[PDB]
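File shown here: work.pdb, holding PDB, C-alpha atoms.
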```pdb
MODEL        1
ATOM      1  CA  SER A   1     116.793 107.916 -41.072
ATOM      2  CA  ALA A   2     114.944 104.627 -40.568
ATOM      3  CA  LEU A   3     116.209 101.297 -41.885
ATOM      4  CA  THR A   4     114.167  98.880 -43.993
ATOM      5  CA  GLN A   5     114.382  95.087 -43.789
ATOM      6  CA  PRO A   6     112.306  92.325 -45.413
ATOM      7  CA  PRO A   7     109.521  90.841 -43.267
ATOM      8  CA  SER A   8     110.957  87.310 -43.372
ATOM      9  CA  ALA A   9     113.430  85.122 -45.237
ATOM     10  CA  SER A  10     113.407  81.494 -46.351
ATOM     11  CA  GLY A  11     116.138  79.089 -47.406
ATOM     12  CA  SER A  12     116.959  75.386 -47.426
ATOM     13  CA  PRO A  13     119.899  74.080 -45.376
ATOM     14  CA  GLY A  14     123.171  74.045 -47.287
ATOM     15  CA  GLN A  15     122.299  76.880 -49.670
ATOM     16  CA  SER A  16     122.944  80.598 -49.178
ATOM     17  CA  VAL A  17     120.611  83.496 -48.372
ATOM     18  CA  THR A  18     120.941  87.279 -48.476
ATOM     19  CA  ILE A  19     119.386  89.868 -46.156
ATOM     20  CA  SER A  20     118.888  93.395 -47.493
ATOM     21  CA  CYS A  21     119.202  96.599 -45.465
ATOM     22  CA  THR A  22     118.358  99.891 -47.181
ATOM     23  CA  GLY A  23     118.582 103.314 -45.545
ATOM     24  CA  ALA A  24     122.044 103.425 -43.938
ATOM     25  CA  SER A  25     123.277 106.982 -43.420
ATOM     26  CA  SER A  26     126.840 108.310 -43.613
ATOM     27  CA  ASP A  27     129.054 111.113 -42.330
ATOM     28  CA  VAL A  28     132.517 112.603 -42.845
ATOM     29  CA  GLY A  29     134.113 109.457 -41.412
ATOM     30  CA  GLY A  30     133.071 106.828 -43.924
ATOM     31  CA  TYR A  31     130.279 104.695 -45.329
ATOM     32  CA  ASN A  32     130.891 101.409 -43.453
ATOM     33  CA  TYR A  33     128.832 102.206 -40.322
ATOM     34  CA  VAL A  34     126.640  99.107 -40.622
ATOM     35  CA  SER A  35     126.356  96.338 -38.030
ATOM     36  CA  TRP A  36     124.317  93.143 -37.750
ATOM     37  CA  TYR A  37     122.902  91.316 -34.726
ATOM     38  CA  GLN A  38     121.376  87.872 -34.178
ATOM     39  CA  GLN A  39     118.798  87.332 -31.421
ATOM     40  CA  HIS A  40     117.444  83.860 -30.718
ATOM     41  CA  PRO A  41     113.943  83.639 -29.199
ATOM     42  CA  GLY A  42     114.380  83.840 -25.444
ATOM     43  CA  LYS A  43     117.805  85.480 -25.110
ATOM     44  CA  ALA A  44     119.698  88.696 -25.740
ATOM     45  CA  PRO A  45     121.052  89.553 -29.207
ATOM     46  CA  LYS A  46     124.663  88.953 -30.191
ATOM     47  CA  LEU A  47     126.965  91.018 -32.404
ATOM     48  CA  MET A  48     127.536  88.932 -35.538
ATOM     49  CA  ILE A  49     128.737  91.369 -38.226
ATOM     50  CA  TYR A  50     130.226  94.836 -37.733
ATOM     51  CA  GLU A  51     132.323  96.835 -40.214
ATOM     52  CA  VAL A  52     131.159  94.460 -42.931
ATOM     53  CA  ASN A  53     134.617  94.193 -44.475
ATOM     54  CA  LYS A  54     135.589  92.646 -41.084
ATOM     55  CA  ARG A  55     134.022  90.448 -38.409
ATOM     56  CA  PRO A  56     134.569  89.828 -34.681
ATOM     57  CA  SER A  57     136.348  86.858 -33.159
ATOM     58  CA  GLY A  58     134.566  83.630 -32.305
ATOM     59  CA  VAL A  59     132.241  84.038 -35.309
ATOM     60  CA  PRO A  60     132.475  81.411 -38.082
ATOM     61  CA  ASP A  61     133.397  82.468 -41.606
ATOM     62  CA  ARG A  62     129.886  81.462 -42.728
ATOM     63  CA  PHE A  63     128.630  84.983 -41.929
ATOM     64  CA  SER A  64     129.703  87.554 -44.524
ATOM     65  CA  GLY A  65     128.730  91.164 -45.112
ATOM     66  CA  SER A  66     128.905  93.715 -47.900
ATOM     67  CA  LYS A  67     127.456  97.070 -48.924
ATOM     68  CA  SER A  68     126.717  98.567 -52.355
ATOM     69  CA  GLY A  69     125.645 102.198 -52.178
ATOM     70  CA  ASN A  70     122.904 102.776 -49.617
ATOM     71  CA  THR A  71     122.028  99.051 -49.390
ATOM     72  CA  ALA A  72     123.669  96.570 -47.011
ATOM     73  CA  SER A  73     123.820  92.814 -47.568
ATOM     74  CA  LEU A  74     124.276  89.915 -45.139
ATOM     75  CA  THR A  75     125.577  86.744 -46.804
ATOM     76  CA  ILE A  76     125.349  83.387 -45.008
ATOM     77  CA  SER A  77     127.151  80.553 -46.788
ATOM     78  CA  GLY A  78     125.797  77.549 -44.890
ATOM     79  CA  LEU A  79     122.355  77.312 -43.306
ATOM     80  CA  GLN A  80     121.855  75.145 -40.230
ATOM     81  CA  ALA A  81     119.097  74.404 -37.740
ATOM     82  CA  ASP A  82     120.532  76.779 -35.114
ATOM     83  CA  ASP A  83     120.350  79.754 -37.515
ATOM     84  CA  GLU A  84     116.638  80.521 -37.064
ATOM     85  CA  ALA A  85     116.652  83.925 -35.359
ATOM     86  CA  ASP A  86     115.818  87.585 -35.936
ATOM     87  CA  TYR A  87     118.564  89.469 -37.793
ATOM     88  CA  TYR A  88     118.655  93.257 -37.406
ATOM     89  CA  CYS A  89     120.888  95.774 -39.160
ATOM     90  CA  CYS A  90     122.031  98.918 -37.358
ATOM     91  CA  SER A  91     123.273 102.248 -38.726
ATOM     92  CA  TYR A  92     125.616 104.167 -36.421
ATOM     93  CA  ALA A  93     126.914 106.952 -38.676
ATOM     94  CA  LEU A  94     125.426 110.206 -37.335
ATOM     95  CA  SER A  95     126.046 109.415 -33.643
ATOM     96  CA  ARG A  96     122.665 107.660 -33.520
ATOM     97  CA  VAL A  97     121.983 103.922 -33.715
ATOM     98  CA  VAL A  98     118.821 102.846 -35.550
ATOM     99  CA  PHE A  99     117.556  99.258 -35.642
ATOM    100  CA  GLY A 100     115.520  98.030 -38.590
ATOM    101  CA  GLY A 101     112.241  96.152 -38.573
ATOM    102  CA  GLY A 102     113.999  92.784 -38.574
ATOM    103  CA  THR A 103     113.599  89.659 -40.678
ATOM    104  CA  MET A 104     112.545  86.123 -39.768
ATOM    105  CA  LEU A 105     115.001  83.574 -41.189
ATOM    106  CA  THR A 106     113.593  80.032 -41.182
ATOM    107  CA  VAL A 107     115.285  76.947 -42.634
TER     108      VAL A 107
ATOM    109  CA  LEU B   1     119.638 175.919 -35.765
ATOM    110  CA  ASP B   2     120.285 178.209 -38.751
ATOM    111  CA  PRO B   3     123.029 178.638 -41.376
ATOM    112  CA  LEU B   4     124.411 181.616 -39.438
ATOM    113  CA  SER B   5     125.056 179.503 -36.341
ATOM    114  CA  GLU B   6     126.452 176.738 -38.558
ATOM    115  CA  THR B   7     129.032 179.015 -40.175
ATOM    116  CA  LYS B   8     129.771 180.458 -36.723
ATOM    117  CA  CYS B   9     130.585 176.962 -35.456
ATOM    118  CA  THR B  10     132.615 176.340 -38.617
ATOM    119  CA  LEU B  11     134.643 179.526 -38.084
ATOM    120  CA  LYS B  12     134.822 178.898 -34.300
ATOM    121  CA  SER B  13     133.770 182.491 -33.618
ATOM    122  CA  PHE B  14     130.655 184.432 -32.647
ATOM    123  CA  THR B  15     131.242 187.133 -35.297
ATOM    124  CA  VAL B  16     131.289 186.485 -39.050
ATOM    125  CA  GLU B  17     132.561 189.013 -41.585
ATOM    126  CA  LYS B  18     131.018 189.797 -44.976
ATOM    127  CA  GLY B  19     130.976 186.996 -47.525
ATOM    128  CA  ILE B  20     130.858 183.209 -47.455
ATOM    129  CA  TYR B  21     134.233 183.170 -45.648
ATOM    130  CA  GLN B  22     134.163 179.341 -45.630
ATOM    131  CA  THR B  23     132.339 176.301 -46.994
ATOM    132  CA  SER B  24     129.519 175.503 -44.570
ATOM    133  CA  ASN B  25     129.049 171.749 -45.050
ATOM    134  CA  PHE B  26     128.111 169.096 -47.618
ATOM    135  CA  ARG B  27     124.621 167.799 -48.366
ATOM    136  CA  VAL B  28     124.201 164.042 -47.923
ATOM    137  CA  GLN B  29     120.876 162.283 -48.514
ATOM    138  CA  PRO B  30     120.309 159.483 -45.974
ATOM    139  CA  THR B  31     118.524 156.170 -46.349
ATOM    140  CA  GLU B  32     114.849 155.585 -45.582
ATOM    141  CA  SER B  33     114.545 151.773 -45.642
ATOM    142  CA  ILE B  34     116.557 148.538 -45.795
ATOM    143  CA  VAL B  35     116.864 145.871 -48.507
ATOM    144  CA  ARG B  36     118.423 142.651 -47.450
ATOM    145  CA  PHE B  37     118.280 140.490 -50.368
ATOM    146  CA  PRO B  38     120.269 137.288 -49.833
ATOM    147  CA  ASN B  39     119.302 134.042 -51.491
ATOM    148  CA  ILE B  40     116.561 131.434 -50.881
ATOM    149  CA  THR B  41     117.517 128.085 -49.262
ATOM    150  CA  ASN B  42     117.295 124.974 -46.961
ATOM    151  CA  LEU B  43     119.395 124.151 -43.893
ATOM    152  CA  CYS B  44     123.000 123.016 -43.711
ATOM    153  CA  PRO B  45     124.192 119.374 -42.951
ATOM    154  CA  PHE B  46     126.392 120.438 -40.049
ATOM    155  CA  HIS B  47     125.406 117.233 -38.240
ATOM    156  CA  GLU B  48     127.377 115.202 -40.791
ATOM    157  CA  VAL B  49     130.631 116.763 -39.554
ATOM    158  CA  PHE B  50     129.993 117.621 -35.878
TER     159      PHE B  50
ENDMDL
END
```
Please rewrite the model in this file as C-alpha coordinates.
Amino acid sequence: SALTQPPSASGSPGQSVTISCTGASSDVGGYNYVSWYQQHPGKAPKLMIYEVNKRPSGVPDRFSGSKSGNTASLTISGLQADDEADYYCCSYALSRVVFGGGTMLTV
Amino acid sequence: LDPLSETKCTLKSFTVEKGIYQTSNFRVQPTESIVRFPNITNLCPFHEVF
(Lines of atoms letter the chains of each structure in order from A and count residues from 1; the text may use other names and numbers.)
(Lines give C-alpha, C1' and ligand atoms only; values in the text may rest on other atoms or scores of the structure.)
Protein backbone atom coordinates (compact mmCIF):
# COMPACT_ATOMS: atom_id res chain seq x y z
CA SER A 1 0.00 0.00 0.00
CA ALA A 2 0.90 3.70 -0.06
CA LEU A 3 2.05 5.61 3.01
CA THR A 4 0.54 8.88 4.23
CA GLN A 5 2.48 11.73 5.84
CA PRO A 6 1.46 15.26 6.86
CA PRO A 7 2.29 18.03 4.36
CA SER A 8 4.51 19.93 6.80
CA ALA A 9 5.37 20.24 10.48
CA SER A 10 6.15 23.17 12.76
CA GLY A 11 7.84 23.44 16.15
CA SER A 12 9.89 25.85 18.23
CA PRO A 13 13.48 24.97 19.18
CA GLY A 14 13.75 23.09 22.46
CA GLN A 15 10.29 21.51 22.33
CA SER A 16 9.32 18.16 20.81
CA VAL A 17 7.44 17.27 17.62
CA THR A 18 5.84 14.10 16.28
CA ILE A 19 5.61 12.89 12.68
CA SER A 20 2.80 10.49 11.77
CA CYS A 21 3.03 7.66 9.23
CA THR A 22 -0.13 5.68 8.48
CA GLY A 23 -0.34 2.76 6.05
CA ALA A 24 2.56 0.46 7.01
CA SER A 25 1.98 -3.12 5.89
CA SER A 26 3.06 -6.35 7.61
CA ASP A 27 3.88 -9.98 6.89
CA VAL A 28 4.60 -13.25 8.69
CA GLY A 29 7.87 -11.83 10.03
CA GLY A 30 6.66 -8.99 12.21
CA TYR A 31 5.16 -5.52 12.38
CA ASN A 32 8.31 -3.41 12.89
CA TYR A 33 9.22 -2.93 9.19
CA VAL A 34 9.26 0.87 9.39
CA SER A 35 12.26 3.09 8.65
CA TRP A 36 12.85 6.84 8.59
CA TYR A 37 15.18 8.99 6.48
CA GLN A 38 16.34 12.61 6.65
CA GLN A 39 17.30 14.48 3.47
CA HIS A 40 18.67 18.01 3.66
CA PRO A 41 18.11 20.25 0.61
CA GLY A 42 21.01 19.63 -1.74
CA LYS A 43 22.27 16.22 -0.59
CA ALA A 44 21.34 12.55 -0.40
CA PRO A 45 19.09 11.23 2.39
CA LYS A 46 20.47 9.54 5.49
CA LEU A 47 19.09 6.61 7.49
CA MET A 48 18.00 8.07 10.84
CA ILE A 49 15.54 5.55 12.34
CA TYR A 50 15.12 1.88 11.43
CA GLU A 51 13.47 -0.85 13.51
CA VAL A 52 11.93 1.88 15.66
CA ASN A 53 12.67 0.04 18.90
CA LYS A 54 16.35 0.49 17.86
CA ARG A 55 18.50 3.04 16.04
CA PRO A 56 21.81 3.00 14.12
CA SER A 57 25.15 4.17 15.44
CA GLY A 58 26.32 7.76 15.16
CA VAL A 59 22.74 9.02 15.61
CA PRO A 60 21.98 11.09 18.74
CA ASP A 61 19.38 9.88 21.22
CA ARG A 62 17.22 12.88 20.28
CA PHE A 63 15.60 10.84 17.49
CA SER A 64 13.09 8.29 18.79
CA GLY A 65 10.55 6.08 17.06
CA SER A 66 7.45 4.11 17.96
CA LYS A 67 4.47 2.41 16.35
CA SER A 68 0.90 1.86 17.58
CA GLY A 69 -1.14 -0.35 15.26
CA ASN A 70 -0.90 0.74 11.64
CA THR A 71 0.48 4.20 12.54
CA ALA A 72 4.17 5.03 12.98
CA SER A 73 5.51 7.92 15.05
CA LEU A 74 8.83 9.80 14.92
CA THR A 75 9.67 11.58 18.18
CA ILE A 76 12.38 14.27 18.26
CA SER A 77 13.24 15.49 21.76
CA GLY A 78 15.29 18.59 20.94
CA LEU A 79 14.81 20.81 17.89
CA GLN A 80 17.79 22.66 16.44
CA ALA A 81 18.55 24.81 13.41
CA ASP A 82 20.16 21.92 11.50
CA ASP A 83 16.97 19.81 11.74
CA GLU A 84 15.07 21.46 8.87
CA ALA A 85 14.82 18.68 6.28
CA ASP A 86 12.34 16.34 4.61
CA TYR A 87 11.53 13.27 6.71
CA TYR A 88 10.18 10.21 4.90
CA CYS A 89 8.90 6.95 6.35
CA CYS A 90 9.41 3.68 4.49
CA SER A 91 7.55 0.36 4.74
CA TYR A 92 9.58 -2.71 3.79
CA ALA A 93 7.34 -5.58 4.90
CA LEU A 94 6.12 -7.30 1.72
CA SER A 95 9.51 -7.25 -0.06
CA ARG A 96 8.67 -3.80 -1.44
CA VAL A 97 9.84 -0.42 -0.13
CA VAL A 98 7.36 2.46 -0.34
CA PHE A 99 8.25 6.07 0.49
CA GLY A 100 5.58 8.44 1.77
CA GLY A 101 4.77 11.93 0.58
CA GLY A 102 7.16 13.50 3.07
CA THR A 103 6.80 16.32 5.58
CA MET A 104 8.51 19.70 5.84
CA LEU A 105 9.84 20.28 9.36
CA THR A 106 10.71 23.93 10.02
CA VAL A 107 11.87 25.40 13.33
CA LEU B 1 -24.93 -55.58 -30.82
CA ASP B 2 -27.82 -57.63 -29.39
CA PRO B 3 -28.55 -59.51 -26.15
CA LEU B 4 -27.74 -62.81 -27.89
CA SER B 5 -24.19 -61.70 -28.68
CA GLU B 6 -23.88 -60.27 -25.17
CA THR B 7 -24.78 -63.56 -23.49
CA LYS B 8 -22.50 -65.33 -25.99
CA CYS B 9 -19.60 -63.14 -24.86
CA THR B 10 -20.62 -63.73 -21.24
CA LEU B 11 -20.61 -67.52 -21.73
CA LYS B 12 -17.45 -67.33 -23.91
CA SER B 13 -19.08 -69.55 -26.53
CA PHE B 14 -20.82 -69.22 -29.89
CA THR B 15 -23.67 -71.57 -28.90
CA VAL B 16 -26.13 -70.89 -26.07
CA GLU B 17 -28.47 -73.53 -24.67
CA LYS B 18 -32.11 -73.02 -23.65
CA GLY B 19 -32.76 -70.66 -20.76
CA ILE B 20 -31.08 -67.60 -19.27
CA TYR B 21 -28.02 -69.74 -18.43
CA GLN B 22 -26.33 -66.68 -16.86
CA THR B 23 -26.91 -63.10 -15.74
CA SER B 24 -26.20 -60.86 -18.74
CA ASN B 25 -25.13 -57.59 -17.10
CA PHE B 26 -26.31 -54.79 -14.81
CA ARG B 27 -28.06 -51.59 -15.86
CA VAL B 28 -26.28 -48.40 -14.81
CA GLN B 29 -27.62 -44.94 -15.67
CA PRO B 30 -24.79 -42.52 -16.53
CA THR B 31 -24.50 -38.79 -15.95
CA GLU B 32 -25.54 -36.12 -18.43
CA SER B 33 -24.04 -32.92 -16.95
CA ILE B 34 -21.69 -31.60 -14.26
CA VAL B 35 -22.35 -29.55 -11.11
CA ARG B 36 -19.34 -28.03 -9.51
CA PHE B 37 -20.60 -26.08 -6.71
CA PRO B 38 -17.77 -24.81 -4.50
CA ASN B 39 -18.04 -21.57 -2.59
CA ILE B 40 -17.82 -17.87 -3.54
CA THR B 41 -14.65 -15.90 -2.63
CA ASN B 42 -11.68 -13.44 -2.99
CA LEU B 43 -7.99 -14.24 -3.44
CA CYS B 44 -5.51 -15.57 -0.90
CA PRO B 45 -2.72 -13.47 0.85
CA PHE B 46 0.06 -15.81 -0.23
CA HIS B 47 2.32 -12.77 -0.68
CA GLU B 48 2.35 -12.25 3.10
CA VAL B 49 4.22 -15.54 3.56
CA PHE B 50 6.22 -16.02 0.33
Compare A:50, A:99, A:37, A:63 by their minimum atom-to-atom distance to residue A:85, counting only C-alpha atoms, and give me the closest one.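 Of all the options, A:37 lies closest to residue A:85.
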Once the PyMOL selection byres ((chain B) within 9 of (chain A)) is applied to the coordinates I shared, what remains selected? I want it as a PyMOL selection string. chain B and resi 47-50
Hey, what's within 12 Å of residue A:11 if we count all atoms listed in the file and toss same-chain stuff fewer than 4 positions away? As a list in words, please?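 Listed by chain and then number, they are residues 15, 16, 17, 18, 19, 76, 77, 78, 79, 80, 81, 83, 84, 104, 105, 106 and 107 of chain A.
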Same residues, C-alpha atoms, output as an mmCIF file, in the frame of the given file:
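Now in selection_19.cif:
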```cif
data_model
loop_
_atom_site.group_PDB
_atom_site.id
_atom_site.type_symbol
_atom_site.label_atom_id
_atom_site.label_comp_id
_atom_site.auth_asym_id
_atom_site.auth_seq_id
_atom_site.Cartn_x
_atom_site.Cartn_y
_atom_site.Cartn_z
ATOM 1 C CA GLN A 15 122.299 76.880 -49.670
ATOM 2 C CA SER A 16 122.944 80.598 -49.178
ATOM 3 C CA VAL A 17 120.611 83.496 -48.372
ATOM 4 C CA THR A 18 120.941 87.279 -48.476
ATOM 5 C CA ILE A 19 119.386 89.868 -46.156
ATOM 6 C CA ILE A 76 125.349 83.387 -45.008
ATOM 7 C CA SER A 77 127.151 80.553 -46.788
ATOM 8 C CA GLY A 78 125.797 77.549 -44.890
ATOM 9 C CA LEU A 79 122.355 77.312 -43.306
ATOM 10 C CA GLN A 80 121.855 75.145 -40.230
ATOM 11 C CA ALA A 81 119.097 74.404 -37.740
ATOM 12 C CA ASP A 83 120.350 79.754 -37.515
ATOM 13 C CA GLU A 84 116.638 80.521 -37.064
ATOM 14 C CA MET A 104 112.545 86.123 -39.768
ATOM 15 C CA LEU A 105 115.001 83.574 -41.189
ATOM 16 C CA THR A 106 113.593 80.032 -41.182
ATOM 17 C CA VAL A 107 115.285 76.947 -42.634
#
```
Minimum-distance residue to residue B:17, chosen among B:34, B:4, B:46, B:29 (using all atoms listed in the file):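 Of B:34, B:4, B:46, B:29, the one nearest residue B:17 is B:4, counting all atoms listed in the file.
By chain and then residue number, the residues within 12 Å of residue B:8 are residues 1, 2, 3, 4, 5, 11, 12, 13, 14, 15, 16, 17, 20, 21, 22, 23 and 24 of chain B, counting all atoms listed in the file and disregarding those fewer than 3 positions away in sequence.
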Given the PyMOL selection byres ((chain A and resi 60) around 12), the residues it picks as number ranges by chain: A: 48-49, 55-59, 61-64, 76-78
Since I can't run it myself right now, could you work out what the PyMOL selection byres ((chain A and resi 7) around 6) selects here and report it as a list in words? residues 6, 8 and 103 of chain A
For residue A:9, the closest of A:86, A:24, A:72, A:91 counting all atoms listed in the file is A:86
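The interatomic distance for the pair atom CA of residue A:1 and atom CA of residue B:45 works out to 13.8 Å.
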What is the atom CA of residue A:67 to atom CA of residue A:39 distance in Å?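 Calculated distance between atom CA of residue A:67 and atom CA of residue A:39 is 21.8 Å.
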List every protein, DNA or RNA residue that has an atom no more than 12 Å from (128.1, 98.2, -48.2) in the file's coordinate frame, counting all atoms listed in the file, and report them as a PyMOL selection string. chain A and resi 20-26+30-35+50-54+64-75+89+91
What gap, in Å, lies between atom CA of residue A:2 and atom CA of residue A:82?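 These two atoms are separated by 28.9 Å.
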Give the centre and edge lengths of an axis-aligned box, in Å to one decimal, that holds all listed atoms of stretch 51-65 of chain A with 3 Å on each side, as JSON.
```
{"center_x": 132.5, "center_y": 89.1, "center_z": -38.7, "size_x": 13.7, "size_y": 21.4, "size_z": 18.8}
```
File output for stretch 18-30 of chain B (N, CA, C and O atoms) as a short mmCIF file (atom, residue, chain, number, x, y, z; two decimals), in the first residue's frame:
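Once everything was written out, this is selection.cif:
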```cif
data_model
loop_
_atom_site.label_atom_id
_atom_site.label_comp_id
_atom_site.auth_asym_id
_atom_site.auth_seq_id
_atom_site.Cartn_x
_atom_site.Cartn_y
_atom_site.Cartn_z
N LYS B 18 -30.81 -73.59 -23.99
CA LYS B 18 -32.11 -73.02 -23.65
C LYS B 18 -32.10 -72.48 -22.23
O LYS B 18 -31.59 -73.11 -21.30
N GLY B 19 -32.67 -71.29 -22.06
CA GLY B 19 -32.76 -70.66 -20.76
C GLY B 19 -31.86 -69.43 -20.67
O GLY B 19 -31.12 -69.09 -21.60
N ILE B 20 -31.93 -68.77 -19.52
CA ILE B 20 -31.08 -67.60 -19.27
C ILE B 20 -29.62 -68.02 -19.23
O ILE B 20 -28.76 -67.40 -19.87
N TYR B 21 -29.31 -69.07 -18.46
CA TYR B 21 -28.02 -69.74 -18.43
C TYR B 21 -26.94 -68.88 -17.78
O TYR B 21 -25.83 -69.37 -17.52
N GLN B 22 -27.26 -67.62 -17.48
CA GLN B 22 -26.33 -66.68 -16.86
C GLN B 22 -27.07 -65.36 -16.66
O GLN B 22 -28.16 -65.15 -17.19
N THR B 23 -26.45 -64.48 -15.88
CA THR B 23 -26.91 -63.10 -15.74
C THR B 23 -26.13 -62.26 -16.75
O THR B 23 -24.90 -62.23 -16.72
N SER B 24 -26.85 -61.58 -17.64
CA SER B 24 -26.20 -60.86 -18.74
C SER B 24 -25.30 -59.75 -18.23
O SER B 24 -24.07 -59.80 -18.39
N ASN B 25 -25.88 -58.74 -17.59
CA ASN B 25 -25.13 -57.59 -17.10
C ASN B 25 -25.99 -56.86 -16.08
O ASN B 25 -26.99 -57.39 -15.59
N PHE B 26 -25.58 -55.64 -15.73
CA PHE B 26 -26.31 -54.79 -14.81
C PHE B 26 -26.50 -53.41 -15.42
O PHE B 26 -25.57 -52.83 -15.98
N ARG B 27 -27.72 -52.90 -15.32
CA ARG B 27 -28.06 -51.59 -15.86
C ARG B 27 -27.53 -50.49 -14.95
O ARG B 27 -27.75 -50.50 -13.74
N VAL B 28 -26.83 -49.53 -15.55
CA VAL B 28 -26.28 -48.40 -14.81
C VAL B 28 -26.53 -47.11 -15.59
O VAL B 28 -26.02 -46.94 -16.70
N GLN B 29 -27.31 -46.20 -15.01
CA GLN B 29 -27.62 -44.94 -15.67
C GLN B 29 -26.45 -43.97 -15.51
O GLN B 29 -25.99 -43.73 -14.39
N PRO B 30 -25.95 -43.41 -16.60
CA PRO B 30 -24.79 -42.52 -16.53
C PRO B 30 -25.22 -41.07 -16.31
O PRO B 30 -26.41 -40.74 -16.31
#
```
